[PDB]
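Content type TSV, C-alpha atoms and all ligand atoms, from the file query.tsv:
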chain	number	residue	atom	x	y	z
H	17	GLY	CA	84.90	125.02	118.99
H	18	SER	CA	82.40	126.77	116.74
H	19	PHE	CA	82.97	124.18	113.96
H	20	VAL	CA	82.00	121.23	116.17
H	21	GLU	CA	79.16	120.03	113.93
H	22	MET	CA	81.64	119.38	111.10
H	23	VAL	CA	83.96	117.21	113.17
H	24	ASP	CA	84.04	113.54	112.16
H	25	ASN	CA	81.97	114.12	109.01
H	26	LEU	CA	84.24	111.87	106.92
H	27	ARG	CA	84.22	108.06	106.62
H	28	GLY	CA	86.02	105.51	104.46
H	29	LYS	CA	88.16	102.38	103.96
H	30	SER	CA	91.89	102.06	104.74
H	31	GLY	CA	92.82	102.69	101.10
H	32	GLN	CA	89.62	103.49	99.25
H	33	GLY	CA	89.50	107.19	100.10
H	34	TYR	CA	87.48	109.36	102.46
H	35	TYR	CA	83.93	110.47	101.69
H	36	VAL	CA	81.47	113.05	103.00
H	37	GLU	CA	77.67	113.07	102.79
H	38	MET	CA	76.25	115.49	100.23
H	39	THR	CA	72.58	116.18	99.59
H	40	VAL	CA	71.58	116.91	96.01
H	41	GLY	CA	68.36	117.97	94.33
H	42	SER	CA	64.76	118.42	95.39
H	43	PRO	CA	63.36	116.46	97.10
H	44	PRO	CA	66.68	115.63	98.89
H	45	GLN	CA	68.91	112.84	97.58
H	46	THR	CA	71.87	112.18	99.88
H	47	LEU	CA	74.95	110.32	98.66
H	48	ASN	CA	78.46	109.51	99.92
H	49	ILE	CA	81.03	111.60	98.03
H	50	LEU	CA	84.80	111.14	97.84
H	51	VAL	CA	86.86	114.14	98.94
H	52	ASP	CA	89.59	114.61	96.33
H	53	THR	CA	92.03	117.54	96.39
H	54	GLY	CA	93.68	116.05	93.31
H	55	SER	CA	90.77	116.74	90.90
H	56	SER	CA	88.20	119.46	90.17
H	57	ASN	CA	84.93	117.88	89.04
H	58	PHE	CA	81.89	117.15	91.18
H	59	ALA	CA	80.33	113.95	89.83
H	60	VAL	CA	77.93	111.30	91.07
H	61	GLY	CA	76.80	107.90	89.87
H	62	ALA	CA	73.47	108.50	88.13
H	63	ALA	CA	72.62	105.06	86.76
H	64	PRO	CA	72.66	101.45	88.03
H	65	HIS	CA	76.04	99.79	88.53
H	66	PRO	CA	76.92	96.51	90.31
H	67	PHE	CA	79.09	98.33	92.86
H	68	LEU	CA	76.64	101.18	93.58
H	69	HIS	CA	74.26	100.90	96.55
H	70	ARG	CA	72.37	103.98	95.37
H	71	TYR	CA	72.57	106.70	92.75
H	72	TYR	CA	71.38	110.15	91.71
H	73	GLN	CA	67.99	110.11	89.97
H	74	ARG	CA	67.83	113.33	87.97
H	75	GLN	CA	64.23	112.85	86.85
H	76	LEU	CA	63.14	112.87	90.51
H	77	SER	CA	64.80	116.24	91.13
H	78	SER	CA	62.65	119.22	90.16
H	79	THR	CA	65.58	121.62	90.46
H	80	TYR	CA	67.91	119.71	88.15
H	81	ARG	CA	68.90	121.56	84.96
H	82	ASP	CA	70.49	119.60	82.11
H	83	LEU	CA	73.35	121.59	80.55
H	84	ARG	CA	72.94	119.36	77.50
H	85	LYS	CA	76.65	118.65	77.20
H	86	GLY	CA	78.65	115.50	77.89
H	87	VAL	CA	81.75	115.10	80.02
H	88	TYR	CA	84.47	112.45	80.14
H	89	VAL	CA	87.04	112.16	82.90
H	90	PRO	CA	90.02	109.80	82.79
H	91	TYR	CA	91.87	109.48	86.10
H	92	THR	CA	95.26	107.89	86.76
H	93	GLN	CA	93.17	104.86	87.72
H	94	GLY	CA	89.82	104.47	85.98
H	95	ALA	CA	87.43	106.73	84.07
H	96	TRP	CA	83.78	107.62	83.55
H	97	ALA	CA	81.43	109.39	81.16
H	98	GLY	CA	78.35	111.37	82.02
H	99	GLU	CA	76.07	114.31	81.39
H	100	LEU	CA	76.64	117.84	82.71
H	101	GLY	CA	73.95	119.80	84.51
H	102	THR	CA	73.35	121.82	87.68
H	103	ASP	CA	71.31	121.24	90.81
H	104	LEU	CA	71.05	122.43	94.39
H	105	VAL	CA	73.68	120.98	96.72
H	106	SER	CA	74.15	121.00	100.49
H	107	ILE	CA	76.54	119.25	102.88
H	108	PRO	CA	74.45	118.28	105.95
H	109	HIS	CA	77.54	118.00	108.16
H	110	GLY	CA	79.32	120.86	106.44
H	111	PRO	CA	78.59	124.60	105.99
H	112	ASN	CA	75.03	125.78	106.64
H	113	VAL	CA	74.38	126.85	103.03
H	114	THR	CA	72.88	125.51	99.81
H	115	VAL	CA	74.33	126.33	96.40
H	116	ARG	CA	73.57	125.58	92.77
H	117	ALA	CA	76.59	123.67	91.51
H	118	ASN	CA	77.73	121.99	88.35
H	119	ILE	CA	77.26	118.26	88.65
H	120	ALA	CA	78.33	115.50	86.29
H	121	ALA	CA	75.87	112.62	86.20
H	122	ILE	CA	77.91	109.45	85.67
H	123	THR	CA	76.08	107.07	83.32
H	124	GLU	CA	78.95	104.75	82.33
H	125	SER	CA	82.28	104.04	84.02
H	126	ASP	CA	85.38	101.84	83.95
H	127	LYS	CA	87.17	100.71	87.11
H	128	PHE	CA	85.68	103.65	89.00
H	129	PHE	CA	83.18	102.28	91.52
H	130	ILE	CA	84.67	99.69	93.86
H	131	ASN	CA	83.02	96.55	95.23
H	132	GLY	CA	81.92	97.59	98.71
H	133	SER	CA	83.46	101.07	98.94
H	134	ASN	CA	80.28	102.83	100.10
H	135	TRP	CA	80.82	106.01	98.06
H	136	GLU	CA	78.79	107.00	95.01
H	137	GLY	CA	80.53	110.09	93.67
H	138	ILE	CA	83.53	112.37	93.88
H	139	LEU	CA	84.07	115.98	94.96
H	140	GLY	CA	87.02	117.56	93.19
H	141	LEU	CA	88.39	120.33	95.40
H	142	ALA	CA	91.25	121.48	93.15
H	143	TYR	CA	91.07	124.49	90.80
H	144	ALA	CA	89.24	125.14	87.53
H	145	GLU	CA	92.38	124.88	85.41
H	146	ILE	CA	92.24	121.07	85.59
H	147	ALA	CA	88.47	120.64	85.37
H	148	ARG	CA	86.86	118.77	82.45
H	149	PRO	CA	85.70	119.47	79.78
H	150	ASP	CA	87.71	122.63	80.45
H	151	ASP	CA	88.32	125.45	82.93
H	152	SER	CA	84.95	127.04	82.13
H	153	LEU	CA	83.23	124.42	84.28
H	154	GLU	CA	83.26	126.08	87.70
H	155	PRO	CA	84.30	123.61	90.45
H	156	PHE	CA	82.13	123.10	93.52
H	157	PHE	CA	84.22	125.09	95.99
H	158	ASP	CA	84.41	128.03	93.61
H	159	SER	CA	80.59	128.04	93.42
H	160	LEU	CA	80.42	127.81	97.21
H	161	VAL	CA	82.65	130.85	97.73
H	162	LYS	CA	80.96	132.92	95.01
H	163	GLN	CA	77.40	132.19	96.12
H	164	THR	CA	77.86	132.41	99.91
H	165	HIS	CA	79.86	134.18	102.60
H	166	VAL	CA	81.71	131.00	103.54
H	167	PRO	CA	85.45	131.88	103.75
H	168	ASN	CA	87.66	130.62	100.91
H	169	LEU	CA	89.32	127.89	102.95
H	170	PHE	CA	88.85	124.29	104.05
H	171	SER	CA	90.89	121.92	106.19
H	172	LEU	CA	91.23	118.14	106.31
H	173	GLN	CA	91.99	115.87	109.24
H	174	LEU	CA	92.29	112.38	107.78
H	175	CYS	CA	92.64	109.79	110.53
H	176	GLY	CA	94.08	106.41	109.61
H	177	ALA	CA	93.38	103.02	111.19
H	190	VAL	CA	88.54	104.95	108.89
H	191	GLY	CA	87.31	108.46	109.66
H	192	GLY	CA	88.15	112.15	109.72
H	193	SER	CA	86.95	115.73	109.43
H	194	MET	CA	86.55	118.24	106.62
H	195	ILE	CA	86.16	121.70	108.11
H	196	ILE	CA	84.80	124.17	105.56
H	197	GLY	CA	85.22	127.90	105.97
H	198	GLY	CA	87.61	127.71	108.91
H	199	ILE	CA	90.11	126.00	111.18
H	200	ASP	CA	89.14	123.84	114.17
H	201	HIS	CA	91.81	124.14	116.85
H	202	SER	CA	90.72	120.92	118.54
H	203	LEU	CA	91.92	118.93	115.52
H	204	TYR	CA	95.60	119.73	115.98
H	205	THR	CA	98.37	120.41	118.45
H	206	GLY	CA	101.36	122.69	118.15
H	207	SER	CA	101.68	125.34	115.46
H	208	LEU	CA	100.52	125.42	111.86
H	209	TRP	CA	103.33	125.78	109.32
H	210	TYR	CA	102.49	127.11	105.86
H	211	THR	CA	103.97	126.39	102.45
H	212	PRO	CA	103.01	128.43	99.36
H	213	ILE	CA	100.60	127.12	96.74
H	214	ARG	CA	102.90	127.58	93.72
H	215	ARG	CA	100.14	127.59	91.11
H	216	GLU	CA	96.38	127.31	91.31
H	217	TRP	CA	95.50	124.16	89.35
H	218	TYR	CA	96.42	121.18	91.52
H	219	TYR	CA	97.47	122.14	95.03
H	220	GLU	CA	101.10	122.52	93.93
H	221	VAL	CA	103.84	122.95	96.50
H	222	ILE	CA	107.64	122.78	96.54
H	223	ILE	CA	109.67	120.19	98.44
H	224	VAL	CA	113.20	121.43	99.16
H	225	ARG	CA	114.77	118.53	101.04
H	226	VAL	CA	114.14	114.90	101.95
H	227	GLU	CA	115.69	112.99	104.85
H	228	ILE	CA	115.49	109.36	105.93
H	229	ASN	CA	116.08	109.05	109.67
H	230	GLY	CA	117.61	112.52	109.71
H	231	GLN	CA	119.90	111.67	106.80
H	232	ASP	CA	119.61	113.95	103.76
H	233	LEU	CA	118.85	112.03	100.55
H	234	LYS	CA	121.29	114.46	98.91
H	235	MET	CA	119.57	114.75	95.53
H	236	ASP	CA	119.20	117.91	93.46
H	237	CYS	CA	115.95	119.37	94.80
H	238	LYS	CA	114.71	119.87	91.23
H	239	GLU	CA	114.25	116.09	91.05
H	240	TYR	CA	111.80	116.23	93.97
H	241	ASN	CA	109.45	118.47	92.02
H	242	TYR	CA	110.20	117.58	88.41
H	243	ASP	CA	106.98	118.47	86.64
H	244	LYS	CA	105.11	119.24	89.87
H	245	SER	CA	104.68	118.23	93.53
H	246	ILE	CA	101.12	118.25	94.90
H	247	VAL	CA	98.95	117.56	97.97
H	248	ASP	CA	96.31	115.03	96.93
H	249	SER	CA	93.77	113.42	99.27
H	250	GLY	CA	92.70	111.29	96.30
H	251	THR	CA	96.00	109.41	96.10
H	252	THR	CA	96.69	106.79	98.77
H	253	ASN	CA	100.48	106.62	98.66
H	254	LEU	CA	103.37	109.01	98.91
H	255	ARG	CA	104.44	108.97	95.29
H	256	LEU	CA	108.00	109.93	94.34
H	257	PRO	CA	109.71	110.51	90.97
H	258	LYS	CA	111.51	107.37	89.76
H	259	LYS	CA	115.00	108.72	90.45
H	260	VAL	CA	113.92	109.88	93.91
H	261	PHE	CA	112.03	106.66	94.65
H	262	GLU	CA	115.11	104.53	93.98
H	263	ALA	CA	117.31	106.61	96.28
H	264	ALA	CA	114.66	106.68	98.99
H	265	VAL	CA	114.16	102.90	98.91
H	266	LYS	CA	117.90	102.25	99.07
H	267	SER	CA	118.09	104.50	102.13
H	268	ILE	CA	115.00	103.04	103.81
H	269	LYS	CA	116.33	99.51	103.27
H	270	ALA	CA	119.68	100.42	104.81
H	271	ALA	CA	117.99	102.01	107.82
H	272	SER	CA	115.81	98.94	108.36
H	273	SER	CA	118.59	96.34	108.08
H	274	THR	CA	117.49	94.72	111.36
H	275	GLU	CA	115.21	92.63	109.14
H	276	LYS	CA	115.34	91.72	105.45
H	277	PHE	CA	112.39	92.00	103.07
H	278	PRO	CA	111.86	90.81	99.49
H	279	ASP	CA	112.51	93.31	96.68
H	280	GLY	CA	108.86	93.07	95.68
H	281	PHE	CA	107.87	94.46	99.07
H	282	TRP	CA	109.50	97.82	98.33
H	283	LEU	CA	107.85	97.71	94.90
H	284	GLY	CA	104.43	97.13	96.41
H	285	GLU	CA	104.20	93.75	94.68
H	286	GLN	CA	104.52	91.66	97.84
H	287	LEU	CA	102.97	92.06	101.27
H	288	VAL	CA	104.41	91.19	104.67
H	289	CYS	CA	102.18	90.21	107.59
H	290	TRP	CA	102.98	90.13	111.32
H	291	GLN	CA	101.30	88.45	114.28
H	292	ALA	CA	98.60	90.74	115.69
H	293	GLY	CA	100.27	93.53	117.65
H	294	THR	CA	103.89	92.58	116.93
H	295	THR	CA	104.81	94.85	114.01
H	296	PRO	CA	108.39	96.07	114.70
H	297	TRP	CA	107.67	99.74	113.98
H	298	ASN	CA	110.94	100.65	115.72
H	299	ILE	CA	113.05	99.06	112.96
H	300	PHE	CA	111.67	101.40	110.29
H	301	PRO	CA	113.00	104.96	109.88
H	302	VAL	CA	111.03	108.17	109.97
H	303	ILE	CA	110.81	110.16	106.75
H	304	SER	CA	111.05	113.94	106.66
H	305	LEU	CA	109.93	116.22	103.84
H	306	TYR	CA	111.05	119.84	103.90
H	307	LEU	CA	108.66	122.35	102.36
H	308	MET	CA	109.25	125.90	101.20
H	309	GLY	CA	108.17	128.37	103.88
H	310	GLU	CA	106.47	131.75	103.66
H	311	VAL	CA	109.63	133.74	104.34
H	312	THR	CA	112.72	134.03	102.15
H	313	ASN	CA	115.22	131.22	102.77
H	314	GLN	CA	112.95	129.68	105.40
H	315	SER	CA	111.50	126.18	105.38
H	316	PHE	CA	109.88	123.72	107.75
H	317	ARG	CA	109.62	119.95	107.70
H	318	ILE	CA	106.95	117.33	108.23
H	319	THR	CA	108.03	113.95	109.56
H	320	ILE	CA	106.05	110.77	109.03
H	321	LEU	CA	106.33	107.45	110.86
H	322	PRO	CA	106.30	103.93	109.40
H	323	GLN	CA	102.76	103.59	110.78
H	324	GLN	CA	101.94	106.05	108.00
H	325	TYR	CA	103.88	104.69	105.03
H	326	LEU	CA	103.09	101.06	105.91
H	327	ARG	CA	99.34	100.65	105.41
H	328	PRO	CA	97.17	97.70	106.57
H	329	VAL	CA	95.62	95.58	103.82
H	330	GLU	CA	91.95	94.54	103.82
H	331	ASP	CA	92.02	92.02	106.69
H	332	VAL	CA	90.73	88.49	106.05
H	333	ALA	CA	88.46	87.98	109.07
H	334	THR	CA	89.78	89.25	112.42
H	335	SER	CA	92.74	86.91	111.98
H	336	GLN	CA	95.86	86.99	114.15
H	337	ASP	CA	97.80	88.46	111.23
H	338	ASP	CA	98.35	92.10	110.32
H	339	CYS	CA	99.33	92.45	106.66
H	340	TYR	CA	101.01	95.60	105.39
H	341	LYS	CA	101.89	97.09	102.02
H	342	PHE	CA	104.72	99.58	101.44
H	343	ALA	CA	102.78	102.79	100.73
H	344	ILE	CA	105.56	104.71	98.99
H	345	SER	CA	105.66	104.18	95.25
H	346	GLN	CA	106.83	105.47	91.89
H	347	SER	CA	105.24	108.49	90.22
H	348	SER	CA	105.32	109.68	86.63
H	349	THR	CA	105.19	113.28	87.86
H	350	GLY	CA	106.71	115.11	90.82
H	351	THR	CA	106.12	114.22	94.46
H	352	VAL	CA	102.47	113.36	95.21
H	353	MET	CA	101.72	113.79	98.90
H	354	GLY	CA	98.82	111.39	99.29
H	355	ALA	CA	96.78	110.17	102.24
H	356	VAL	CA	99.75	108.37	103.81
H	357	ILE	CA	101.30	111.81	104.23
H	358	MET	CA	98.12	113.69	105.18
H	359	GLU	CA	96.95	111.16	107.77
H	360	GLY	CA	99.65	112.29	110.17
H	361	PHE	CA	98.50	115.91	110.08
H	362	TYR	CA	95.76	118.51	110.07
H	363	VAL	CA	96.04	120.10	106.63
H	364	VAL	CA	94.73	123.59	105.93
H	365	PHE	CA	93.95	124.47	102.31
H	366	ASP	CA	94.02	128.26	102.71
H	367	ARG	CA	92.92	129.17	99.18
H	368	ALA	CA	92.30	132.78	100.23
H	369	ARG	CA	95.99	133.27	101.06
H	370	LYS	CA	97.31	130.78	98.51
H	371	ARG	CA	99.02	128.56	101.06
H	372	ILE	CA	98.71	125.11	102.64
H	373	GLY	CA	99.19	124.64	106.37
H	374	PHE	CA	100.41	121.56	108.23
H	375	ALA	CA	100.16	120.81	111.95
H	376	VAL	CA	100.37	117.61	113.98
H	377	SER	CA	96.95	115.96	113.95
H	378	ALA	CA	95.04	115.31	117.17
H	379	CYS	CA	94.44	111.83	115.72
H	380	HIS	CA	98.00	111.08	114.58
H	381	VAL	CA	98.91	107.39	114.75
H	382	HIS	CA	102.12	107.17	116.79
H	383	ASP	CA	103.65	105.17	119.64
H	384	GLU	CA	105.54	105.69	122.91
H	385	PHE	CA	108.90	106.18	121.18
H	386	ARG	CA	108.20	108.44	118.20
H	387	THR	CA	105.51	110.77	116.89
H	388	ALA	CA	104.67	112.51	113.61
H	389	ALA	CA	105.87	116.11	113.61
H	390	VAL	CA	105.87	119.50	111.92
H	391	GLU	CA	108.99	121.46	112.86
H	392	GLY	CA	110.65	124.72	111.93
H	393	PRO	CA	112.05	127.05	111.00
H	394	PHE	CA	115.10	125.86	109.05
H	395	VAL	CA	117.45	127.81	106.80
H	396	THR	CA	117.35	126.66	103.17
H	397	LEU	CA	118.87	128.76	100.39
H	398	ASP	CA	117.92	128.88	96.70
H	399	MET	CA	114.59	127.17	97.31
H	400	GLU	CA	113.20	128.91	94.23
H	401	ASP	CA	115.46	126.85	91.99
H	402	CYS	CA	113.76	123.66	93.22
H	403	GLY	CA	110.63	124.30	91.19
H	404	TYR	CA	110.04	123.34	87.56
H	405	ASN	CA	109.45	126.22	85.15
H	501	LIG	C1	89.56	105.21	96.21
H	501	LIG	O1	89.93	105.85	94.99
H	501	LIG	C2	89.84	107.24	94.91
H	501	LIG	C3	89.71	108.13	95.99
H	501	LIG	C4	89.54	109.49	95.76
H	501	LIG	CL1	89.41	110.54	97.06
H	501	LIG	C5	89.58	110.03	94.49
H	501	LIG	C6	89.82	109.19	93.38
H	501	LIG	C7	90.04	109.83	92.04
H	501	LIG	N1	91.27	110.71	92.05
H	501	LIG	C8	92.54	110.06	92.50
H	501	LIG	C9	93.68	111.09	92.67
H	501	LIG	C10	93.95	111.77	91.31
H	501	LIG	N2	95.05	112.75	91.43
H	501	LIG	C11	95.64	113.28	90.34
H	501	LIG	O2	95.40	112.99	89.18
H	501	LIG	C12	96.68	114.32	90.70
H	501	LIG	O3	97.70	114.36	89.71
H	501	LIG	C13	98.58	113.27	89.57
H	501	LIG	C14	99.37	113.24	88.40
H	501	LIG	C15	100.22	112.15	88.15
H	501	LIG	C16	100.27	111.10	89.07
H	501	LIG	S1	101.28	109.68	88.82
H	501	LIG	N3	100.90	109.19	87.19
H	501	LIG	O4	102.64	110.12	88.76
H	501	LIG	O5	100.91	108.63	89.73
H	501	LIG	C17	99.52	111.12	90.24
H	501	LIG	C18	98.68	112.20	90.50
H	501	LIG	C19	92.65	112.45	90.83
H	501	LIG	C20	91.50	111.40	90.76
H	501	LIG	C21	89.85	107.78	93.59
H	501	LIG	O6	89.74	106.95	92.48
H	501	LIG	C22	88.45	106.32	92.39
H	501	LIG	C23	88.31	105.74	91.01
H	501	LIG	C24	87.17	107.20	92.57
What is this structure when it is put down as C-alpha cells?
Ligand SMILES: COc1cc(Cl)cc(CN2CCC(NC(=O)COc3ccc(S(N)(=O)=O)cc3)CC2)c1OC(C)C
Amino acid sequence: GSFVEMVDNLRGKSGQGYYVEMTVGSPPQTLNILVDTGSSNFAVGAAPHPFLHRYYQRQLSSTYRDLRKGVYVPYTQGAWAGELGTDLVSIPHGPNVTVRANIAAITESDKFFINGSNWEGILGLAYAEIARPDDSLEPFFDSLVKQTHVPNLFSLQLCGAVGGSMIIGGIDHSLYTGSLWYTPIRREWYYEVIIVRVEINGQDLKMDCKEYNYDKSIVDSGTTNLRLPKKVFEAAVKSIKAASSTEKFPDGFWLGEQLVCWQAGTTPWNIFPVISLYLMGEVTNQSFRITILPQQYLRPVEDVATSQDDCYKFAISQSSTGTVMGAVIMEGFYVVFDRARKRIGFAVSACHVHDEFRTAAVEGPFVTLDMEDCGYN
C-alpha cells in the first residue's frame, strides 16, 4: 500500500473521540487534534486550561497572522471562544504537504476540554456552509485541496476497543475487505445522507422513511452514539428489547441512564440483535445496507482498574434532528468521504469487532422504490 505511512495515525479514548497529530506554526508546535466530520472549524487550545497538557503559543510562531476577528462556536455539548488567524499547518502522519489554514485560537471554553482526554483541538472536516462565523471562513480540507494536488477525498477507519487511520487523498485497500458501497452526499454542509430502511434482526421497523431523515441524517465522527429521531428511537428500542428477551434490563439502560456490567469475558453478545441501516445507492431504485453488531452499539465505560467487570452503556440514543451515524456506526467500517464525487463509501473494516457467530457487514444491492421521498425538503 502506497498510503502505509498514514495507517494507524489516529488515537483516542473509548468515547472521547479520535485525534490526529497536527503541526502548526514556525518553529513547529505539534498538538493532538480531534477528527470531526460533524463540524467545519479548525481550532486549538491557545491558553492555559486545567485539562490541557499543552497549547498553541501564537507569539512563538513567526508565521502566525492574526485576522483580528473573534469566533464563537457552540456545539451540541460545550462551547468555546477564540481569535481567528492563519498559520502554516502540516500533518506529520498525513499528506506530505504544508498549507496556510484558518485557525481559531481558543482562549476561553466551557465543557470543551476533558480531564485526561489527550487532545488539544478539533479539526472540522465538514463543509463551509456550517463554519463559524460564517461560510466565508474556508475549512481546513478546502484549503488543503485548493493549495495542493492532494485529491479531494479522505477515508476513516475507526477501530473500537483506541486507534484508527485517517487516509488523506486516497483509499488504502488494506483497511477493508469486500466491496465499497456508496451512498450520495445529499447536500454539502454536514455529510448528509439518506436512510431508506431500518431493520432489527432482519425485521423491518416499518416506519415511514421520512421519519428516519426528518431534518437531516448525517455521518459524524464527532458524535459517539447512533442517534435516532425520537419517534424512530422509541420504535427501535421496543424492537431491540423484544429481540433480547432472553434477559431483562432496566428501562434506564435503554435510555442511557443506567449501566449494566458483566464478569470479564462473559457478555452475552448473542442475545442482542444486529441492526441494519439501508442507505440510498448510486443507481435509481438501488440501495445497500450496513449491519452493526451489539459489540458496536454497546460501548465499554471507563473501566475502574482492570477489574473483573465489564460495564457497558447502550450507545443508541435520542436525537433532535435526523439520524446521526456516529462512531458506534463508523467503527464497524472503513468509511470513504469521496468529496470529489459527492458520495460516501462503506466497506467492512479490517479491524471490525466481531465474533465467531456474526460479523459487521455491508451488503447489496437491494431494490427500494421511491427513495427520493425519504429526504426532507
Ligand atoms: C469527545 O468529544 C468530541 C469529539 C469530537 Cl471528534 C468532536 C467534538 C465536537 N463535535 C461533536 C459532534 C458535533 N456534530 C454536530 O453538531 C452534527 O450535527 C448534529 C445536529 C444535531 C444533533 S442532536 N441535537 O440531535 O443530538 C447531533 C448532531 C459537532 C461538534 C467533541 O466534543 C468535544 C467538546 C470536543
Nearby residues, (104.5, 124.0, 92.6) file frame, 12 Å, all atoms listed in the file, as JSON, numbers by chain: {"H": [211, 212, 213, 214, 215, 216, 217, 218, 219, 220, 221, 222, 223, 224, 238, 240, 241, 242, 243, 244, 245, 246, 247, 307, 308, 349, 350, 351, 352, 370, 371, 372, 399, 400, 401, 402, 403, 404, 405]}
Could you report the residues within 8 Å of ligand LIG 501 (chain H), using all atoms listed in the file, as a VMD selection string? chain H and resid 31 to 35 50 to 55 91 to 95 127 to 130 133 137 to 140 218 246 248 to 252 255 to 257 346 to 352
Given the selection you just returned, output its residues as a file containing C-alpha atoms, formatted as an mmCIF file, keeping the file's coordinate frame.
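Everything below was put into selection.cif:
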data_model
loop_
_atom_site.group_PDB
_atom_site.id
_atom_site.type_symbol
_atom_site.label_atom_id
_atom_site.label_comp_id
_atom_site.auth_asym_id
_atom_site.auth_seq_id
_atom_site.Cartn_x
_atom_site.Cartn_y
_atom_site.Cartn_z
ATOM 1 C CA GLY H 31 92.820 102.690 101.100
ATOM 2 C CA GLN H 32 89.620 103.490 99.250
ATOM 3 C CA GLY H 33 89.500 107.190 100.100
ATOM 4 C CA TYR H 34 87.480 109.360 102.460
ATOM 5 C CA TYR H 35 83.930 110.470 101.690
ATOM 6 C CA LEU H 50 84.800 111.140 97.840
ATOM 7 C CA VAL H 51 86.860 114.140 98.940
ATOM 8 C CA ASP H 52 89.590 114.610 96.330
ATOM 9 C CA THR H 53 92.030 117.540 96.390
ATOM 10 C CA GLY H 54 93.680 116.050 93.310
ATOM 11 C CA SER H 55 90.770 116.740 90.900
ATOM 12 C CA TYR H 91 91.870 109.480 86.100
ATOM 13 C CA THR H 92 95.260 107.890 86.760
ATOM 14 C CA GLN H 93 93.170 104.860 87.720
ATOM 15 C CA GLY H 94 89.820 104.470 85.980
ATOM 16 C CA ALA H 95 87.430 106.730 84.070
ATOM 17 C CA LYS H 127 87.170 100.710 87.110
ATOM 18 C CA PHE H 128 85.680 103.650 89.000
ATOM 19 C CA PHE H 129 83.180 102.280 91.520
ATOM 20 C CA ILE H 130 84.670 99.690 93.860
ATOM 21 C CA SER H 133 83.460 101.070 98.940
ATOM 22 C CA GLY H 137 80.530 110.090 93.670
ATOM 23 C CA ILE H 138 83.530 112.370 93.880
ATOM 24 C CA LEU H 139 84.070 115.980 94.960
ATOM 25 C CA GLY H 140 87.020 117.560 93.190
ATOM 26 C CA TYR H 218 96.420 121.180 91.520
ATOM 27 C CA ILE H 246 101.120 118.250 94.900
ATOM 28 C CA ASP H 248 96.310 115.030 96.930
ATOM 29 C CA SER H 249 93.770 113.420 99.270
ATOM 30 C CA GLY H 250 92.700 111.290 96.300
ATOM 31 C CA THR H 251 96.000 109.410 96.100
ATOM 32 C CA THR H 252 96.690 106.790 98.770
ATOM 33 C CA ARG H 255 104.440 108.970 95.290
ATOM 34 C CA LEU H 256 108.000 109.930 94.340
ATOM 35 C CA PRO H 257 109.710 110.510 90.970
ATOM 36 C CA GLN H 346 106.830 105.470 91.890
ATOM 37 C CA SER H 347 105.240 108.490 90.220
ATOM 38 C CA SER H 348 105.320 109.680 86.630
ATOM 39 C CA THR H 349 105.190 113.280 87.860
ATOM 40 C CA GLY H 350 106.710 115.110 90.820
ATOM 41 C CA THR H 351 106.120 114.220 94.460
ATOM 42 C CA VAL H 352 102.470 113.360 95.210
#
Each residue of region 254-368 of chain H lying at most 12 Å from region 141-159 of chain H should get a row with its shortest atom-to-atom pair and the distance in Å to one decimal, counting all atoms listed in the file; could you produce that, ordered by chain and increasing number, as JSON lines?
{"residue": "H:365", "atom": "CA", "partner": "H:141", "partner_atom": "CA", "distance": 9.8}
{"residue": "H:367", "atom": "CA", "partner": "H:143", "partner_atom": "CA", "distance": 9.8}
{"residue": "H:368", "atom": "CA", "partner": "H:158", "partner_atom": "CA", "distance": 11.3}
Selection to disk with C-alpha atoms, as a PDB file, in the frame of the given file:
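Result file is selection_29.pdb:
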ATOM      1  CA  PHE H 365      93.950 124.470 102.310  1.00  0.00           C
ATOM      2  CA  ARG H 367      92.920 129.170  99.180  1.00  0.00           C
ATOM      3  CA  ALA H 368      92.300 132.780 100.230  1.00  0.00           C
TER       4      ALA H 368
END
For residue 326 (chain H), find every residue with an atom within 9 Å (counting only C-alpha atoms), except residues of its own chain fewer than 4 positions away, and show them as a VMD selection string. chain H and resid 321 to 322 340 to 344 356
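One distance worth recording is that between CA of residue 225 (chain H) and CA of residue 380 (chain H), which is 22.8 Å.
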Which residue is closest to residue 366 (chain H)? Choose from H:298, H:291, H:171, H:315 and count all atoms listed in the file.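 Smallest separation from residue 366 (chain H) among the options: H:171.
The spacing separating CA of residue 287 (chain H) from CA of residue 272 (chain H) amounts to 16.2 Å.
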Which residues are near residue 118 (chain H)? Cut-off 10 Å, only C-alpha atoms, ignore same chain within fewer than 4 positions. Put them as a list in words.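 In the requested form, the answer reads residues 57, 58, 59, 81, 82, 83, 100, 101, 102, 103, 104, 105, 153, 154, 155, 156 and 159 of chain H.
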Of the residues H:107, H:89, H:363, H:40, which is the one nearest to residue 74 (chain H), using all atoms listed in the file?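 Using all atoms listed in the file, residue 74 (chain H) sits closest to H:40.
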Between CA of residue 123 (chain H) and CA of residue 90 (chain H), what distance in Å does the model show, to one decimal?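 Spanning CA of residue 123 (chain H) to CA of residue 90 (chain H) is a straight-line distance of 14.2 Å.
Shortest separation to residue 235 (chain H) among H:124, H:359, H:398, H:262 occurs at residue H:262, atoms counted being all atoms listed in the file.
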Which of these, H:361, H:261, H:277, H:297, has the shortest distance to residue 206 (chain H) once you count all atoms listed in the file?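 Among H:361, H:261, H:277, H:297, it is H:361 that comes nearest to residue 206 (chain H).
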Could you list, as a PDB file with C-alpha atoms, keeping the file's coordinate frame, every residue within 9 Å of residue 304 (chain H), counting only C-alpha atoms and ignoring same-chain residues fewer than 3 positions away?
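Resulting contents of selection.pdb:
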ATOM      1  CA  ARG H 225     114.770 118.530 101.040  1.00  0.00           C
ATOM      2  CA  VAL H 226     114.140 114.900 101.950  1.00  0.00           C
ATOM      3  CA  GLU H 227     115.690 112.990 104.850  1.00  0.00           C
ATOM      4  CA  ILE H 228     115.490 109.360 105.930  1.00  0.00           C
ATOM      5  CA  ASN H 229     116.080 109.050 109.670  1.00  0.00           C
ATOM      6  CA  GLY H 230     117.610 112.520 109.710  1.00  0.00           C
ATOM      7  CA  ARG H 317     109.620 119.950 107.700  1.00  0.00           C
ATOM      8  CA  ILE H 318     106.950 117.330 108.230  1.00  0.00           C
ATOM      9  CA  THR H 319     108.030 113.950 109.560  1.00  0.00           C
ATOM     10  CA  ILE H 320     106.050 110.770 109.030  1.00  0.00           C
ATOM     11  CA  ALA H 389     105.870 116.110 113.610  1.00  0.00           C
TER      12      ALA H 389
END
